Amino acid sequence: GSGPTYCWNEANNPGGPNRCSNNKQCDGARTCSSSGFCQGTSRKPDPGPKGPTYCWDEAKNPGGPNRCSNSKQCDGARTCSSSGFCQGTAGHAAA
């Protein structure tokens, strides 16, 4: 996508892992090649520190979707509430 704050899981792409027809199907700053593969570097470091470059799929959390015991189980800049839910805005780019 557009840059390191764009988060996308390429494993599940149509046609197979890391395959694409558009830049939105590639993580971070990666873009779609002429042969239909994502190319480039998503971000440095990867994973990013907590903040807008941190990519995490909360749907898979062990306590249930969007449930947490620590803020590293929350996407982007989100943090763990006292009640054990991820909260705030992740801060990721839309594309």
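Sequential numbering from 1, following the sequence displayed.
Across the two stretches, 27-35 and 47-55, the PDB entry reports the greater mean Cα temperature factor for 47-55. When the modelled residues of the chain are ordered by C-alpha B-factor, residue 18 sits in the lowest third.
In the PDB entry, residue 71 places in the highest third of its chain by CA B-factor. The deposited CA B-factor of residue 9 belongs to the middle third of values across its chain. When all modelled residues of the chain are sorted by CA temperature factor, residue 81 is found within the middle third.
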